[PDB]
Each structure stands twice: as C-alpha cells, then as structure tokens.
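Down below is the structure, laid out as structure tokens.
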Amino acid sequence: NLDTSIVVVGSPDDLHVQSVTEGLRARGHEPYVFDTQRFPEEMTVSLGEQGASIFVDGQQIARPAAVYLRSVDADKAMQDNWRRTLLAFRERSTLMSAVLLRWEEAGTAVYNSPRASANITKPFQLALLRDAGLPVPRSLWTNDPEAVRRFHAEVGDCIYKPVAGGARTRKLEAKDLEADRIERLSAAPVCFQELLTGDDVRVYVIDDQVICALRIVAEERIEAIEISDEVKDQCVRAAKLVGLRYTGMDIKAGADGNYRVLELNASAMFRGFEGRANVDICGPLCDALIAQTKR
Amino acid sequence: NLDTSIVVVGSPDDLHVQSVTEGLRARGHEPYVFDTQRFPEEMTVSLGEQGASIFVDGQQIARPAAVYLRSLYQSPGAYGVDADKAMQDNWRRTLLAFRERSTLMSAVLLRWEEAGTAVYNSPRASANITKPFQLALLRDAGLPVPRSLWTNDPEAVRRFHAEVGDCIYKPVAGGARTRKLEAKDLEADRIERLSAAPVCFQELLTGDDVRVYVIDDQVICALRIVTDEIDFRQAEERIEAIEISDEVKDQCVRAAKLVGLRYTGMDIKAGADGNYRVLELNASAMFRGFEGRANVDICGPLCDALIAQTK
Amino acid sequence: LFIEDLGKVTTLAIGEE
Ligand SMILES: Nc1ncnc2c1ncn2[C@@H]1O[C@H](COP(=O)(O)OP(=O)(O)NP(=O)(O)O)[C@@H](O)[C@H]1O
C-alpha cells in the first residue's frame with residue numbers, strides 16, 4: 001500500500017522533514033513518514049518476538065531500505081508524580097528505539113543510527129578524534145578552577161562553550177580568572193578551548209564524500225568555499241570514526257592556516273545554510289537515501 | 001599514589017559495591033571507588049582533549065585495568081538516587097543536572113574502554129539491552145524466547161491472546177512486576193489504556209525461573225527459584241543451585257556475548273514442555289540475595305575475573 | 001497507565017539495571 005522502503009522519522013510540521021520529503025518526491029520516491037509524535041495516543045506500533053514482526057498502524061514494516069532520522073506538555077505530570085511520568089516516557093521511548101535498532105540490525109541503512117550517541121558524547125568525541133590522529137583544539141572539560149588557571153597559562157587566550165551545547169562561545173578574559181569569577185565553575189562545568197583565530201567553516205559529509213564547506217563570516221553572510229583534499233579526507237575520516245552517515249561538522253582554522261575539527265552533529269540542520277550560501281544539501285541526501293534501495 | 005588498577009563505579013553505600021570492594025581486599029587489591037553521585041559538589045573531574053588526559057580529584061586515571069560498573073546514576077529515577085526533594089522543587093533543572101553529569105561520566109567510561117579497560121558491562125551495551133530489540137536479537141540468533149507482543153493496540157493484544165492462551169503483561173523497559181493477563185484486563189475500559197504507553201504481553205510460561213550467572217564466557221552457577229506454595233500464611237522463596245546441560249550453558253554464554261556483557265545475571269524460564277526460554281539479560285545484575293539463599297559464591301568469581309585483568 | 005503500579009514506591013524493581 002505504501003512504499004515503506006524509505007522512511008523519514010519525524011513530524012510533518014518540521015521544515016527538514018518537509019524538505020527531505022519534497023526532494024524524494026521530486027526524485028520519484030514517495031516516502032513513508034513515521035510521525036512518532038503520534039505514537040501512544042494516536043498511531044499504533046506492535047512488535048513481535050521476531051525482528052520482522054514490526055507493525056505500524058496495522059501495516060507490517062520490517063526492514064526499510066533507508067531511514068532519515070530527524071527526531072511535551074507534562075509540567076503537571078512531572079510535579080504530581082515525576083517517577084511515574086519518567087517511567088512512562090521510558091516505556092514509549094524504549095519501543096520506538098527498538099523499532100529503529102531492529103531495522104538497523106535487519107540491514108536498513110539508518111542515516112544517523114542512534115548507536116552513534118555513544119561515540120557522540122562530546123568530551124569523548126573529541127578524544128576519539130585526537131587519539132585517532134585528527135587535528136582538534138586543545139580542550140579542557142573541568143569543574144576544577146586550578147585546572148583552568150593552568151590550562152589558560154599554557155595555551156594562552158582561550159574560549160569556553162557550554163558542556164553539552166546550547167549557548168554562544170565566549171572569550172575567557174583575565175577578569176574571569178579571579179577567585180570570585182573563576183570559582184563559579186565549582187559546580188558549573190564548561191568546556192575551555194584554545195582560541196582559534198581563523199574563520200568558522202561548516203562542512204557536510206554523506207557516505208564518505210564531502211558535499212560543501214561554507215565560511216560563515218553584521219548579518220550572516222555565509223558563503224560557499226572549497227578546501228583541500230587533505231581536510232576533505234580528515235572530515236570523512238572523522239565521520240567514519242564517530243559513526244555518522246550524514247553529518248554537519250564545525251571546523252575552525254588556527255593562526256597557522258590549519259583547520260581543527262570542532263564538533264560533529266548527530267543531525268545537523270541545513271535549511272538555513274543552503275539558502276544563505278546557495279548550495280544544495282537536501283539533494284545529495286535524498287540521492288543517498290534512494291541509492292540505498294538499489295542495494 | 002592510588003592503585004587505580006581496579007575501579008568500582010558506584011556509591012560506596014551500594015551493598016554490591018561493598019561486597020565487591022571487600023572481595024577485592026581479601027585478594028590483596030584496593031579498588032578505587034568512583035562515586036559519580038558526588039560529582040558537582042564533592043568531586044573534581046578534568047578531561048583533556050586526549051583520551052589519556054583524565055583527572056579525578058587531582059589524580060590522573062588514564063586506563064584502569066578493569067572496571068566493575070554498578071551504576072552511573074544517570075537519571076534521577078535510578079536505584080541509588082535520592083533525588084525526590086530536588087525533583088519536586090524544579091524538575092527541569094534537576095533533569096538538566098543529571099544529563100550534565102551523565103555526559104561527563106559516560107565520557108570517562110568510554111575513554112577508559114577505548115584505552116583498553118575491561119569494563120565489566122560497558123555502557124555501550126545499553127543499545128543491545130533495549131528489551132524489544134534484545135529478545136529479537138536472541139530469537140533470530142537461535143535462542144528460544146517467549147511468544148511476545150510489545151504494543152499499544154488492544155486488537156493486537158486480543159489476537160495475540162487468542163493465538164497463545166494464558167498470557168502475562170509486564171513493562172516494556174521495566175519497573176513493575178509481571179502479572180497474569182486476567183479477563184478484567186481485556187475489557188475495553190482498561191485495555192484502552194494502552195494509548196498512554198505500550199506494554200509487553202507474553203505467553204504464560206509455567207515452569208520455574210532459573211537465574212544463570214555468566215562471567216567472561218563461563219557459567220558460574222544456575223539457581224532455580226521456587227515459590228513455596230505449601231503454607232499460604234508465609235510464602236517463602238527456596239533457591240537451589242542446579243545443574244544445567246552444557247547446551248544451556250553454551251546458549252547462555254552465546255547470549256551474553258551477543259548482547260555485549262561480561263558479567264550478566266540472565267533470567268530464563270521453562271515452558272510446559274520443560275524447556276527453557278530466555279527471559280532477559282541484566283546489565284548490572286544483583287547477586288547477594290542469591291548467594292545467601294542458595295549458598296553459592298558469585299562475588300568471588302567476579303573479583304577474580306577483575307583481578308585477572310591486572311596481570 | 002495500564003500498569004498503574006508503575007511508579008508506586010527506593011524503586012527496587014529497577015535495581016538490576
Ligand atoms: N513469559 C513469562 N511467563 C511467566 N512469567 C514471566 C514471563 N516473563 C517474565 N516472567 C516473570 O518475571 C520475572 C522476570 O523478570 P522480568 O519480567 O524479566 O523483569 P521485570 O520484572 O520487568 N524488571 P527487572 O527484573 O528489573 O528486569 C520472572 O521471575 C517471571 O516470574
């Protein structure tokens with residue numbers, strides 16, 4: 001009845017789900033859309049003990065060819081009984097994650113498999129990259145003020161990111177190293193990094209091939225550029241180390257003109273980069289999703 | 001200045017953390033106890049960009065030989081975490097704090113495993129431990145499991161019931177006791193509550209539960225648990241070490257390997273035909289109550305496996 | 001919840017995970 005060969009996990013209200021579905025339509029494959037936001041209350045999924053017994057809304061969906069994995073009101077529930085609500089969410093999440101893991105084991109090429117979460121833990125991700133020979137910034141995750149005083153003394157001017165991600169990057173200034181200012185991190189760990197003076201670059205990788213790279217120089221004026229094949233090689237290597245099929249990397253150049261990998265993203269956005277630099281991101285992604293169906 | 005050759009991850013108030021540290025002392029080794037629950041306030045962690053650059057309370061710990069991973073206490077809803085007041089106060093920032101701690105401690109553990117540390121139950125196995133995937137991995141690998149149905153659709157439940165017969169229901173991921181699927185439960189009124197969350201229905205196996213302990217591809221023992229049905233005023237649990245055929249032993253070892261566990265207490269159960277089906281492998285199984293009621297030594301073999309990594 | 005006693009509590013039924 002439906003294709004169930006290429007599956008997009010996410011909400012129809014999502015711009016990226018929309019783009020990917022449009023690119024697959026314009027390419028000849030109307031994809032099945034697993035809108036897991038409907039899971040418990042509206043839609044229905046049933047798993048049997050056999051890995052192929054996966055039934056979504058009555059229709060068996062064992063082994064899709066490829067999956068694009070993109071993605072609540074409960075403050076009352078969390079204040080009335082938080083233990084129960086957290087367990088309920090774990091029941092749901094468990095069944096959904098099981099669907100995805102079953103497909104991956106069946107042979108499905110899941111574009112960004114949740115198994116990558118392990119390798120994606122930032123404080124471990126950068127160590128994976130460096131310990132495999134890739135250029136990464138000198139970094140320090142700590143809640144120890146003396147550690148950060150020594151790190152600053154050794155590397156020089158540096159910056160600090162939130163540990164898990166969300167905020168802007170700020171520069172560590174001498175005023176911050178005082179006892180009053182530096183003591184704050186006694187219970188507020190952040191990530192300190194050598195300050196790279198080059199220009200930020202976002203590079204997209206899909207199936208061991210770079211798609212593009214944009215320097216994001218006032219209004220955003222991100223413009224497409226071209227980089228060496230050495231750094232292309234390093235980027236695809238990084239993506240194969242972390243275990244990602246489609247990644248949007250952040251790399252920054254040092255004063256010496258050499259790039260350092262900053263961070264790979266589990267599922268990077270592109271609707272705002274492809275419009276501001278006039279390159280095609282969703283295109284090559286849909287091409288890969290379809291290419292998997294051949295084999 | 002500290003022999004971080006063996007590291008026990010867990011709160012020092014955990015009866016199994018205590019049991020393992022005591023075992024290790026009797027063997028001559030002083031374990032380092034890594035209590036993540038004190039992270040922001042009473043512990044110091046510093047990670048460099050290099051996998052070897054790891055500093056806990058000032059000391060460098062690049063690569064322990066072995067780790068016994070009791071618990072990292074990642075969510076406030078775990079076993080050893082008294083987080084009730086904090087969650088009642090501001091549950092959003094408390095979940096934030098637990099996620100912040102977890103990313104760092106998981107980084108530590110993953111760095112260790114990357115360096116070659118023998119992590120007795122590495123956190124990565126979490127992926128394989130999701131039940132609705134674990135049971136299928138086992139089944140498609142040749143091990144018998146119960147006829148199952150994880151679902152939120154009452155019609156699927158009714159048809160599964162009509163196909164199997166007596167059924168039990170239990171949590172998808174865990175957190176409550178399995179019960180017999182009674183007729184009251186199939187009435188629309190309460191079977192329509194599956195729209196709130198799915199549950200696991202299974203064929204009611206009538207045999208006896210058997211807990212098999214596996215450490216490094218070798219079965220330590222197999223304890224049959226019996227509910228003493230004789231006197232109803234005081235039901236007791238009789239646990240007995242029993243011998244299992246080599247077929248069962250090799251199947252248990254294969255399952256432990258498949259999921260990705262070193263130390264595992266897996267629950268199996270026989271059907272009417274008297275043959276075992278695998279119920280579930282645990283990632284941080286307990287063993288004290290079984291040792292006591294069955295007069296077997298599980299902590300000993302664990303401590304020895306840990307110490308064998310240092311050599 | 002269909003399993004109403006999911007949250008009723010030191011939850012010990014999750015002590016082996
Ligand atoms: N198919 C089944 N038939 C009969 N009893 C079962 C079945 N599956 C599980 N049980 C019972 O449940 C127990 C095993 O626990 P299990 O259901 O695997 O974990 P859980 O109770 O959900 N929580 P946890 O023990 O923390 O994993 C056994 O002692 C059985 O009595």
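Following the order of the structure tokens, first chain is A, next is B, and so on, with residues numbered from 1 inside each chain and ligands from 1 in the order they appear.
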Q: Could you list, as number ranges by chain, the residues of chain C having an atom within 6 Å of chain B when counting only C-alpha atoms?
A: C: 1-2, 6, 13-17
Using N, CA and C atoms, can you write the selected residues to a file as a compact mmCIF listing (two decimals), in the first residue's frame?
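Generated output (part15.txt):
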# COMPACT_ATOMS: atom_id res chain seq x y z
N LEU C 1 -2.11 5.06 33.10
CA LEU C 1 -1.24 3.92 32.84
C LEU C 1 -2.00 2.60 32.90
N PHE C 2 -1.69 1.70 31.96
CA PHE C 2 -2.24 0.35 32.04
C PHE C 2 -1.62 -0.42 33.20
N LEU C 6 3.18 1.47 38.32
CA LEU C 6 4.49 1.64 37.70
C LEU C 6 5.35 2.51 38.57
N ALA C 13 12.50 -2.48 41.85
CA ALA C 13 12.21 -3.38 40.75
C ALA C 13 13.03 -2.95 39.57
N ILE C 14 13.88 -1.96 39.78
CA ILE C 14 14.78 -1.49 38.71
C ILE C 14 16.19 -1.49 39.29
N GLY C 15 16.45 -2.34 40.25
CA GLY C 15 17.76 -2.39 40.89
C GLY C 15 18.81 -3.18 40.15
N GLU C 16 18.43 -3.80 39.06
CA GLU C 16 19.35 -4.66 38.35
C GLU C 16 19.58 -4.09 36.99
N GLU C 17 19.63 -2.78 36.90
CA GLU C 17 19.85 -2.13 35.63
C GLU C 17 20.53 -0.82 35.90
Q) Counting only C-alpha atoms, which residues from chain C have an atom at most 10 Å from any atom of chain A, and could you show them as a PyMOL selection string? A) chain C and resi 1+3-9+11
Mind writing the picked residues with N, CA and C atoms as a short mmCIF file (atom, residue, chain, number, x, y, z; two decimals), in the first residue's frame?
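For reference, part_12.cif as written:
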data_model
loop_
_atom_site.label_atom_id
_atom_site.label_comp_id
_atom_site.auth_asym_id
_atom_site.auth_seq_id
_atom_site.Cartn_x
_atom_site.Cartn_y
_atom_site.Cartn_z
N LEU C 1 -2.11 5.06 33.10
CA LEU C 1 -1.24 3.92 32.84
C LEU C 1 -2.00 2.60 32.90
N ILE C 3 -0.31 -0.24 33.42
CA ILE C 3 0.38 -0.77 34.59
C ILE C 3 0.38 0.30 35.67
N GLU C 4 -0.75 0.46 36.34
CA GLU C 4 -0.90 1.55 37.30
C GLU C 4 0.13 1.64 38.38
N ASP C 5 0.62 0.50 38.83
CA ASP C 5 1.63 0.47 39.89
C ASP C 5 3.03 0.64 39.35
N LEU C 6 3.18 1.47 38.32
CA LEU C 6 4.49 1.64 37.70
C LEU C 6 5.35 2.51 38.57
N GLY C 7 4.77 3.56 39.11
CA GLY C 7 5.57 4.47 39.89
C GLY C 7 5.51 4.31 41.39
N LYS C 8 4.61 3.48 41.88
CA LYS C 8 4.46 3.32 43.32
C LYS C 8 5.74 2.88 43.99
N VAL C 9 6.23 3.69 44.92
CA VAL C 9 7.47 3.37 45.59
C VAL C 9 7.22 2.97 47.03
N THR C 11 12.96 2.63 44.35
CA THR C 11 12.35 1.69 43.45
C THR C 11 13.29 0.53 43.36
#
Q: Please measure the separation of atom CA of residue 296 of chain B and atom CA of residue 256 of chain B, giving the value in Å to one decimal.
A: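 The value is 20.7 Å.
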Q: Tell me, as a list in words, which residues lie within 8 Å of residue 150 of chain B, counting only C-alpha atoms; anything in the same chain fewer than 6 positions away does not count.
A: residues 46, 47, 48 and 95 of chain A; 132, 172, 198, 199, 200 and 201 of chain B
Selected residues written out with N, CA and C atoms, as a PDB file, in the first residue's frame:
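Listed below is the output, selection12.pdb:
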ATOM      1  N   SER A  46       3.230  -2.365  16.907  1.00  0.00           N
ATOM      2  CA  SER A  46       3.232  -3.664  17.562  1.00  0.00           C
ATOM      3  C   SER A  46       4.473  -4.418  17.125  1.00  0.00           C
ATOM      4  N   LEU A  47       5.229  -4.902  18.100  1.00  0.00           N
ATOM      5  CA  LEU A  47       6.409  -5.716  17.858  1.00  0.00           C
ATOM      6  C   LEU A  47       6.148  -7.128  18.366  1.00  0.00           C
ATOM      7  N   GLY A  48       6.507  -8.119  17.552  1.00  0.00           N
ATOM      8  CA  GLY A  48       6.576  -9.492  17.991  1.00  0.00           C
ATOM      9  C   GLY A  48       8.003  -9.867  18.363  1.00  0.00           C
ATOM     10  N   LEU A  95      10.099   1.427  23.163  1.00  0.00           N
ATOM     11  CA  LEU A  95       9.531   0.769  21.987  1.00  0.00           C
ATOM     12  C   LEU A  95       9.999   1.432  20.687  1.00  0.00           C
TER      13      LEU A  95
ATOM     14  N   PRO B 132      12.696  -4.904  23.684  1.00  0.00           N
ATOM     15  CA  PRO B 132      12.073  -5.313  22.414  1.00  0.00           C
ATOM     16  C   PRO B 132      13.075  -5.581  21.309  1.00  0.00           C
ATOM     17  N   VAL B 172       7.558  -2.594  29.269  1.00  0.00           N
ATOM     18  CA  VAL B 172       8.420  -2.704  28.097  1.00  0.00           C
ATOM     19  C   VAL B 172       9.888  -2.658  28.511  1.00  0.00           C
ATOM     20  N   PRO B 198       2.791   1.749  25.724  1.00  0.00           N
ATOM     21  CA  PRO B 198       2.733   0.329  25.370  1.00  0.00           C
ATOM     22  C   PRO B 198       3.166  -0.546  26.535  1.00  0.00           C
ATOM     23  N   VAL B 199       2.815  -1.830  26.437  1.00  0.00           N
ATOM     24  CA  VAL B 199       3.231  -2.825  27.418  1.00  0.00           C
ATOM     25  C   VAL B 199       3.587  -4.112  26.680  1.00  0.00           C
ATOM     26  N   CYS B 200       4.223  -5.031  27.409  1.00  0.00           N
ATOM     27  CA  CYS B 200       4.726  -6.280  26.860  1.00  0.00           C
ATOM     28  C   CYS B 200       3.820  -7.415  27.314  1.00  0.00           C
ATOM     29  N   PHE B 201       3.188  -8.089  26.359  1.00  0.00           N
ATOM     30  CA  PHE B 201       2.411  -9.286  26.621  1.00  0.00           C
ATOM     31  C   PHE B 201       3.222 -10.494  26.182  1.00  0.00           C
TER      32      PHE B 201
END
Q. Expressed in Å to a single decimal, how great is the separation between atom CA of residue 12 of chain B and atom CA of residue 96 of chain B?
A.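 So the answer is 24.5 Å.
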Q | chain B contacts on chain A, only C-alpha atoms, 8 Å, as number ranges by chain | A | A: 40-42, 44-51, 78-79, 82-83, 86-92, 94-95, 97-99, 101-102, 115, 118, 121-124, 126-128, 130-131, 136-144, 147, 163-164, 186-188
I need the chosen residues saved as a tab-separated table (two decimals), in the first residue's frame, with C-alpha atoms.
chain	number	residue	atom	x	y	z
A	40	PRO	CA	0.96	6.32	22.11
A	41	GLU	CA	-2.22	8.34	21.85
A	42	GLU	CA	-2.88	8.20	18.13
A	44	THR	CA	-0.11	2.18	16.89
A	45	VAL	CA	3.01	0.03	16.69
A	46	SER	CA	3.23	-3.66	17.56
A	47	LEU	CA	6.41	-5.72	17.86
A	48	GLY	CA	6.58	-9.49	17.99
A	49	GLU	CA	9.48	-11.57	19.24
A	50	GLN	CA	10.68	-11.98	15.62
A	51	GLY	CA	12.56	-8.97	14.38
A	78	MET	CA	6.11	15.95	36.46
A	79	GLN	CA	5.01	17.75	39.63
A	82	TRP	CA	7.68	12.54	38.32
A	83	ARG	CA	8.92	8.98	38.87
A	86	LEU	CA	9.66	9.44	33.61
A	87	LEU	CA	8.99	5.69	33.56
A	88	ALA	CA	6.06	6.18	31.14
A	89	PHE	CA	8.23	8.16	28.77
A	90	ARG	CA	10.84	5.46	29.02
A	91	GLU	CA	8.26	2.83	28.01
A	92	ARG	CA	7.43	4.78	24.88
A	94	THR	CA	12.02	2.10	24.52
A	95	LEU	CA	9.53	0.77	21.99
A	97	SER	CA	14.21	2.99	19.82
A	98	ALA	CA	13.59	-0.75	19.49
A	99	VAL	CA	11.94	-0.22	16.11
A	101	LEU	CA	17.50	-0.83	16.28
A	102	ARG	CA	15.58	-3.72	14.72
A	115	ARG	CA	24.02	3.70	18.27
A	118	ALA	CA	27.81	6.68	22.43
A	121	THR	CA	29.40	12.28	23.76
A	122	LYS	CA	31.38	15.45	23.22
A	123	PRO	CA	34.08	15.04	25.91
A	124	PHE	CA	34.66	11.55	24.48
A	126	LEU	CA	37.00	14.94	20.70
A	127	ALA	CA	39.26	12.42	22.43
A	128	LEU	CA	38.25	9.85	19.82
A	130	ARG	CA	42.51	13.32	18.56
A	131	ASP	CA	43.60	9.90	19.69
A	136	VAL	CA	41.35	19.08	17.39
A	137	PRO	CA	41.64	22.20	19.56
A	138	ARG	CA	43.37	21.95	22.88
A	139	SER	CA	40.46	21.38	25.18
A	140	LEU	CA	39.67	21.06	28.90
A	141	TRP	CA	36.40	19.89	30.45
A	142	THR	CA	36.59	20.59	34.16
A	143	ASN	CA	35.00	21.82	37.37
A	144	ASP	CA	38.47	22.43	38.88
A	147	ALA	CA	42.95	23.16	36.20
A	163	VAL	CA	29.47	21.41	28.29
A	164	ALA	CA	26.62	19.88	26.34
A	186	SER	CA	32.98	24.79	41.23
A	187	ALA	CA	29.57	23.37	40.24
A	188	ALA	CA	29.10	24.75	36.69
Q | Straight-line distance linking atom CA of residue 98 of chain B with atom CA of residue 243 of chain A, stated in Å to one decimal | A | 25.5 Å
Q. Where in segment 150-294 of chain B does DSSP assign helix (DSSP H, G or I), given as a PyMOL selection string?
A. chain B and resi 154-164+183-186+188-195+246-259+288-294
Any chance you could export the current selection's N, CA and C atoms as a compact mmCIF listing (two decimals), in the first residue's frame?
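Saved file out.txt follows:
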# COMPACT_ATOMS: atom_id res chain seq x y z
N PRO B 154 -5.04 -2.48 21.41
CA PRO B 154 -5.81 -3.56 22.05
C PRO B 154 -6.18 -4.70 21.13
N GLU B 155 -6.43 -4.43 19.85
CA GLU B 155 -6.78 -5.51 18.93
C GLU B 155 -5.63 -6.49 18.78
N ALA B 156 -4.40 -5.97 18.68
CA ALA B 156 -3.24 -6.84 18.62
C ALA B 156 -3.16 -7.72 19.86
N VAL B 157 -3.47 -7.15 21.02
CA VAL B 157 -3.46 -7.92 22.26
C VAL B 157 -4.51 -9.03 22.21
N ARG B 158 -5.71 -8.70 21.74
CA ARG B 158 -6.77 -9.70 21.68
C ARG B 158 -6.41 -10.84 20.74
N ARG B 159 -5.82 -10.52 19.59
CA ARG B 159 -5.46 -11.56 18.64
C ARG B 159 -4.27 -12.38 19.12
N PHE B 160 -3.31 -11.73 19.78
CA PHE B 160 -2.20 -12.46 20.38
C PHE B 160 -2.70 -13.40 21.47
N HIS B 161 -3.61 -12.91 22.32
CA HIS B 161 -4.21 -13.76 23.34
C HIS B 161 -4.89 -14.96 22.72
N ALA B 162 -5.70 -14.72 21.69
CA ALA B 162 -6.38 -15.82 21.01
C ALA B 162 -5.40 -16.76 20.32
N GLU B 163 -4.16 -16.37 20.16
CA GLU B 163 -3.24 -17.24 19.46
C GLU B 163 -2.46 -18.02 20.45
N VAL B 164 -2.25 -17.46 21.63
CA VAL B 164 -1.34 -18.05 22.59
C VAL B 164 -2.08 -18.74 23.74
N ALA B 183 -9.13 -11.59 32.66
CA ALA B 183 -10.23 -11.16 31.81
C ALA B 183 -10.58 -9.70 32.05
N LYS B 184 -10.52 -9.26 33.31
CA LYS B 184 -10.78 -7.86 33.62
C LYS B 184 -9.92 -6.94 32.78
N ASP B 185 -8.71 -7.37 32.45
CA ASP B 185 -7.76 -6.54 31.73
C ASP B 185 -8.08 -6.42 30.24
N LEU B 186 -8.87 -7.33 29.69
CA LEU B 186 -9.25 -7.27 28.29
C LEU B 186 -10.56 -6.53 28.05
N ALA B 188 -12.83 -3.40 27.50
CA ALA B 188 -12.44 -2.16 26.83
C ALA B 188 -11.98 -1.10 27.82
N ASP B 189 -12.73 -0.91 28.89
CA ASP B 189 -12.42 0.16 29.85
C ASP B 189 -10.97 0.33 30.18
N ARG B 190 -10.29 -0.77 30.45
CA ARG B 190 -8.91 -0.68 30.87
C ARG B 190 -7.91 -1.15 29.83
N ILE B 191 -8.32 -1.94 28.84
CA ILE B 191 -7.41 -2.27 27.75
C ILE B 191 -7.21 -1.09 26.81
N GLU B 192 -8.07 -0.08 26.90
CA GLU B 192 -7.89 1.10 26.06
C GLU B 192 -6.86 2.03 26.66
N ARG B 193 -6.39 1.71 27.87
CA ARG B 193 -5.33 2.49 28.48
C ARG B 193 -3.97 2.26 27.83
N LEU B 194 -3.90 1.42 26.80
CA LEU B 194 -2.65 1.26 26.06
C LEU B 194 -2.28 2.50 25.25
N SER B 195 -3.22 3.43 25.07
CA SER B 195 -2.90 4.69 24.40
C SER B 195 -2.02 5.59 25.25
N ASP B 246 25.14 -28.82 29.20
CA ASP B 246 26.12 -27.99 28.50
C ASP B 246 25.49 -27.21 27.36
N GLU B 247 24.43 -27.74 26.76
CA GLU B 247 23.70 -27.00 25.74
C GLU B 247 23.20 -25.67 26.30
N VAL B 248 22.55 -25.71 27.46
CA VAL B 248 22.05 -24.50 28.10
C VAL B 248 23.21 -23.56 28.44
N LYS B 249 24.31 -24.11 28.94
CA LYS B 249 25.46 -23.27 29.29
C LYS B 249 25.98 -22.52 28.07
N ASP B 250 26.19 -23.23 26.96
CA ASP B 250 26.71 -22.60 25.76
C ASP B 250 25.72 -21.58 25.21
N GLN B 251 24.42 -21.86 25.32
CA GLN B 251 23.42 -20.88 24.90
C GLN B 251 23.51 -19.61 25.74
N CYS B 252 23.65 -19.76 27.06
CA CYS B 252 23.77 -18.58 27.92
C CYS B 252 25.01 -17.78 27.59
N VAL B 253 26.13 -18.46 27.35
CA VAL B 253 27.36 -17.75 27.00
C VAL B 253 27.20 -17.02 25.68
N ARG B 254 26.55 -17.67 24.71
CA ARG B 254 26.31 -17.04 23.38
C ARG B 254 25.44 -15.79 23.56
N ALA B 255 24.42 -15.88 24.42
CA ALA B 255 23.55 -14.73 24.64
C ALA B 255 24.32 -13.58 25.27
N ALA B 256 25.10 -13.87 26.31
CA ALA B 256 25.91 -12.83 26.94
C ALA B 256 26.83 -12.17 25.92
N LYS B 257 27.33 -12.92 24.97
CA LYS B 257 28.24 -12.34 24.01
C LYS B 257 27.45 -11.47 23.09
N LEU B 258 26.34 -11.99 22.61
CA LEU B 258 25.51 -11.23 21.67
C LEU B 258 25.16 -9.86 22.23
N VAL B 259 24.60 -9.82 23.44
CA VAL B 259 24.19 -8.53 24.00
C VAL B 259 25.40 -7.64 24.24
N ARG B 288 23.65 -10.79 45.80
CA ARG B 288 23.75 -11.08 47.22
C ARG B 288 22.66 -11.99 47.74
N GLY B 289 21.42 -11.64 47.46
CA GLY B 289 20.31 -12.47 47.91
C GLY B 289 20.41 -13.89 47.39
N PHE B 290 20.85 -14.06 46.14
CA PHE B 290 21.02 -15.40 45.58
C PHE B 290 22.14 -16.17 46.27
N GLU B 291 23.31 -15.54 46.44
CA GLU B 291 24.37 -16.16 47.23
C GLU B 291 23.84 -16.65 48.58
N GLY B 292 23.13 -15.78 49.31
CA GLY B 292 22.67 -16.16 50.64
C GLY B 292 21.69 -17.32 50.62
N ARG B 293 20.65 -17.22 49.81
CA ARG B 293 19.64 -18.24 49.83
C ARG B 293 20.03 -19.53 49.14
N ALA B 294 21.08 -19.50 48.33
CA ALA B 294 21.49 -20.69 47.59
C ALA B 294 22.86 -21.23 47.98
Q) Any idea what's packed within 10 Å of residue 161 of chain A, counting only C-alpha atoms, ignoring anything in its chain fewer than 6 positions away? Could you give it as a ChimeraX atom specification? A) /A:141,167-171,189-193
Save out the residues we just selected, N, CA and C atoms, as a PDB file, in the first residue's frame.
ATOM      1  N   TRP A 141      37.667  19.970  29.738  1.00  0.00           N
ATOM      2  CA  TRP A 141      36.395  19.890  30.447  1.00  0.00           C
ATOM      3  C   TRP A 141      36.702  19.721  31.930  1.00  0.00           C
ATOM      4  N   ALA A 167      24.635  27.277  24.073  1.00  0.00           N
ATOM      5  CA  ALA A 167      24.928  28.699  24.157  1.00  0.00           C
ATOM      6  C   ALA A 167      26.033  29.160  23.253  1.00  0.00           C
ATOM      7  N   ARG A 168      26.336  30.446  23.315  1.00  0.00           N
ATOM      8  CA  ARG A 168      27.347  31.005  22.451  1.00  0.00           C
ATOM      9  C   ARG A 168      28.713  30.807  23.002  1.00  0.00           C
ATOM     10  N   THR A 169      29.684  30.894  22.121  1.00  0.00           N
ATOM     11  CA  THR A 169      31.060  30.772  22.582  1.00  0.00           C
ATOM     12  C   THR A 169      31.574  32.132  23.042  1.00  0.00           C
ATOM     13  N   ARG A 170      32.168  32.172  24.233  1.00  0.00           N
ATOM     14  CA  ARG A 170      32.650  33.410  24.832  1.00  0.00           C
ATOM     15  C   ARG A 170      34.144  33.317  25.115  1.00  0.00           C
ATOM     16  N   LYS A 171      34.774  34.475  25.224  1.00  0.00           N
ATOM     17  CA  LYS A 171      36.198  34.519  25.452  1.00  0.00           C
ATOM     18  C   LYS A 171      36.509  34.642  26.899  1.00  0.00           C
ATOM     19  N   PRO A 189      30.332  23.139  35.318  1.00  0.00           N
ATOM     20  CA  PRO A 189      31.368  22.753  34.349  1.00  0.00           C
ATOM     21  C   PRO A 189      31.051  23.288  32.960  1.00  0.00           C
ATOM     22  N   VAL A 190      32.060  23.877  32.322  1.00  0.00           N
ATOM     23  CA  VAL A 190      32.020  24.230  30.914  1.00  0.00           C
ATOM     24  C   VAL A 190      33.267  23.664  30.244  1.00  0.00           C
ATOM     25  N   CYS A 191      33.344  23.824  28.926  1.00  0.00           N
ATOM     26  CA  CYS A 191      34.467  23.328  28.139  1.00  0.00           C
ATOM     27  C   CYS A 191      35.313  24.505  27.677  1.00  0.00           C
ATOM     28  N   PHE A 192      36.595  24.493  28.037  1.00  0.00           N
ATOM     29  CA  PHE A 192      37.547  25.515  27.635  1.00  0.00           C
ATOM     30  C   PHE A 192      38.382  25.009  26.464  1.00  0.00           C
ATOM     31  N   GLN A 193      38.678  25.895  25.522  1.00  0.00           N
ATOM     32  CA  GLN A 193      39.406  25.513  24.321  1.00  0.00           C
ATOM     33  C   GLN A 193      40.330  26.645  23.904  1.00  0.00           C
TER      34      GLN A 193
END
**Q.** All strand (DSSP E or B) positions in segment 88-173 of chain B, as a ChimeraX atom specification
**A.** /B:118-120,148-151,167-170
Would you mind listing what lies within 8 Å of residue 216 of chain A as a compact mmCIF listing (two decimals) with C-alpha atoms, in the first residue's frame, with only C-alpha atoms counted and same-chain residues fewer than 6 positions away left out?
# COMPACT_ATOMS: atom_id res chain seq x y z
CA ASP A 199 37.21 31.54 10.15
CA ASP A 200 34.49 29.07 11.18
CA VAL A 201 33.63 26.56 8.45
CA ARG A 202 30.72 24.14 8.21
CA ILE A 222 27.83 32.54 4.85
CA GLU A 223 29.46 31.85 1.53
**Q.** Nearest residue to residue 105 of chain A from the set B:237, B:141, B:268, B:86 (distances using only C-alpha atoms)
**A.**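 Among the listed residues, the smallest separation from residue 105 of chain A belongs to B:141.
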